[PDB]
There are 2 protein chains.
Amino acid sequence: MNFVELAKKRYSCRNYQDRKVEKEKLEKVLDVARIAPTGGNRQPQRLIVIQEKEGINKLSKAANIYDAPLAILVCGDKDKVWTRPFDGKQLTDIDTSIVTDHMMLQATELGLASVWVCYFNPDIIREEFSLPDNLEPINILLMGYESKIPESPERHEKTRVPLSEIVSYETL
Amino acid sequence: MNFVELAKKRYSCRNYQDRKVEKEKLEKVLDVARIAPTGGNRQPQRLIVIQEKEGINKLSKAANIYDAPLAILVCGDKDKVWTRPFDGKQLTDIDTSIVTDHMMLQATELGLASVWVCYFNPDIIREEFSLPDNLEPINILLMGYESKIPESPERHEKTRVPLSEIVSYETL
Ligand SMILES: Cc1cc2nc3c(=O)[nH]c(=O)nc-3n(C[C@H](O)[C@H](O)[C@H](O)COP(=O)(O)O)c2cc1C
Ligand SMILES: Cc1cc2nc3c(=O)[nH]c(=O)nc-3n(C[C@H](O)[C@H](O)[C@H](O)COP(=O)(O)O)c2cc1C
């Protein structure tokens with residue numbers, strides 16, 4: 001069980017069982033959101049764990065969440081995030097994505113199916129979860145148990161472009 | 001050797017040996033940049049592997065790279081990236097960060113020290129590597145071998161805020 005095997009087995013699940021995510025597994029997923037690095041060690045991530053009816057219903061107003069039993073809304077705090085002196089670019093999406101990716105890989109190791117969701121209505125999320133102006137919703141990570149057929153760990157030959165199309169050496 | 005142990009051991013190295021990164025390890029790091037998911041499966045990541053003198057010198061014009069022996073410049077292609085219908089937000093930073101995080105964790109497993117770098121002059125990077133207007137430089141991942149004392153896998157009690165400060169349940 002090494003990293004590449006973990007990364008390959010992970011796939012996007014859009015078919016979830018009713019079966020709830022155990023608290024013990026959730027807590028291990030959350031631990032790695034703290035462990036992850038952020039620019040300047042600023043730690044701008046702000047997470048809302050959503051597994052109860054109201055919250056799940058609120059999310060379903062903003063996005064297709066495939067009846068997943070657990071969601072984590074990952075926001076970034078622009079009052080904490082590092083801002084690059086050259087151009088003013090803030091690391092909000094970068095820091096929060098490292099955190100989300102850590103959680104997604106940890107979920108996978110624990111046998112949880114998952115899908116990363118960015119196709120959500122941000123203004124609905126902001127209203128429903130009463131986000132103040134300094135928090136921006138970035139990613140929603142859904143997790144649960146696959147109810148149908150998982151995608152194959154060997155699928156990437158068909159589902160990704162060749163490495164040579166994304167990598168060059170020294171120059172473009 | 002599980003995921004949390006990997007995530008904890010990973011730290012930011014800013015003290016590198018002259019010792020080059022073996023090709024075999026580099027290729028395993030690159031493999032996971034392809035394996036990683038991207039929004040819409042659009043695969044907008046575009047990587048430049050930099051381990052030769054010119055390229056390293058070019059990077060050193062734009063950023064402090066701590067004499068690392070290997071760098072990967074991770075760009076995103078705005079002509080491929082998914083664009084959210086609600087607000088026009090592009091996933092450029094998100095997709096490229098998932099890719100970079102995958103590579104950083106894979107590097108760690110292979111015994112390579114690393115540091116993620118966003119404090120670079122983007123216009124210098126664009127000029128030096130002749131990036132066309134559709135590619136935006138997002139992250140520089142440095143890797144090599146630690147020359148001094150590694151940070152401790154148990155440091156997070158001191159180097160991170162408590163989990164309770166970044167996580168809430170159902171509501172803020
Ligand atoms: C940043 C990001 C945003 C995504 N947003 C959604 C989403 O809103 N809804 C969805 O069904 N899938 C979403 N996906 C899942 C992708 O469609 C999926 O990762 C990609 O097609 C590759 O498939 P795989 O993850 O099964 O390998 C997202 C993935 C990423 C990385
Ligand atoms: C998105 C991002 C950008 C970063 N940019 C730089 C950088 O430009 N230079 C640098 O020395 N460290 C940079 N870092 C490293 C952080 O300072 C470091 O991850 C943080 O202080 C936590 O320390 P640790 O990684 O040792 O746990 C960056 C880290 C992240 C996640």
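Below, chains carry the letters A, B, ... as their sequence lines are ordered, and counting in each starts from 1. Side chains are part of it too, since the values below use all heavy atoms of this structure and drop only hydrogens, waters and symmetry mates.
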Those residues of residues 16-32 of chain A, ordered by number, that approach chain B below 4.5 Å (heavy atom to heavy atom): A:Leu26, A:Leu30, A:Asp31, A:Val32
Which one wins on heavy-atom pair count under 4.5 Å against chain A: B:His102, B:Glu165, B:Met104? B:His102
Partners passing side-chain contact (heavy atoms from CB on, under 4.5 Å) against B:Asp133 (at least two apart in sequence or in another chain): none
Just so I know, are the side chains of B:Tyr66 and B:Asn64 near enough to count as touching, which here means a heavy-atom distance under 4.5 Å? yes
Output all residues satisfying side-chain contact (heavy atoms from CB on, under 4.5 Å) with B:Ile125, sequence neighbours left out; order by chain, then residue number. B:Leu59, B:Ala62, B:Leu73, B:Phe120, B:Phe129, B:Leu131, B:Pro137, B:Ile140
Does any backbone or side-chain atom of A:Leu91 lie under 4.5 Å from a heavy atom of chain B? Answer side chain, backbone, both or neither. side chain
Flag the pair A:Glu128 and A:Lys61 as a salt bridge only when some basic side-chain nitrogen lies within less than 4.0 angstrom of an acidic carboxylate oxygen. yes
Residue, of B:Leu135, B:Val167, B:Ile94, B:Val99, that accumulates the most heavy atom pairs under 4.5 Å with chain A: B:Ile94
Quick check: closest heavy atoms across B:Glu146 and B:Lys148, and the distance to 0.1 Å? OE2-N, 2.8 Å
Ranked by heavy-atom pairs below 4.5 Å to chain B, first place among A:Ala7, A:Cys118, A:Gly55 goes to A:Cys118
Side chains of B:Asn41 and A:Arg160: do they bring a donor and an acceptor to under 3.5 Å? yes
Let me check something: any side-chain donor-acceptor pairs from residues 44-54 of chain B under 3.5 Å, sequence neighbours excluded? List them with distances.
from	atom 1	to	atom 2	distance (Å)
B:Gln45	NE2	B:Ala33	O	2.9
B:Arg46	NH1	A:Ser168	OG	3.0
B:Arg46	NH2	A:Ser168	OG	3.3

Based on non-hydrogen pairs under 4.5 Å, which of B:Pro122, B:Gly40, B:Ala71 is most in contact with chain A? B:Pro122
Tell me, for A:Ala36 versus chain B, whether the close heavy atoms (under 4.5 Å) come from the side chain, the backbone, both or neither. backbone
Do other residues, nucleotides or ligands put more than 12 heavy atoms under 6.0 Å from B:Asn15 CG? yes
For A:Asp77, is it the side chain, the backbone, both or neither that has a heavy atom under 4.5 Å from a heavy atom of chain B? neither
Check ion pair A:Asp93-B:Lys89 (N to O, under 4.0 angstrom): yes
What part of A:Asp87 is in contact with chain B, defined as an atom under 4.5 angstrom from a non-hydrogen atom: side chain, backbone, both or neither? side chain
Of A:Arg155, A:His156, A:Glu154, the residue whose pairing with A:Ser152 passes side-chain hydrogen bond (donor to acceptor under 3.5 Å, both in side chains): A:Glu154
Looking at A:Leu110, A:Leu105, A:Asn139, A:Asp101, which one has more heavy-atom pairs under 4.5 Å with chain B than the rest? A:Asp101
Reported NZ-to-OG1 distance for the pair A:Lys9 and A:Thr108, which is rounded to 0.5 angstrom: 8.0 Å
Identify which of A:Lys8, A:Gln106, A:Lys58 forms the greatest number of heavy-atom pairs closer than 4.5 Å to chain B. A:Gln106
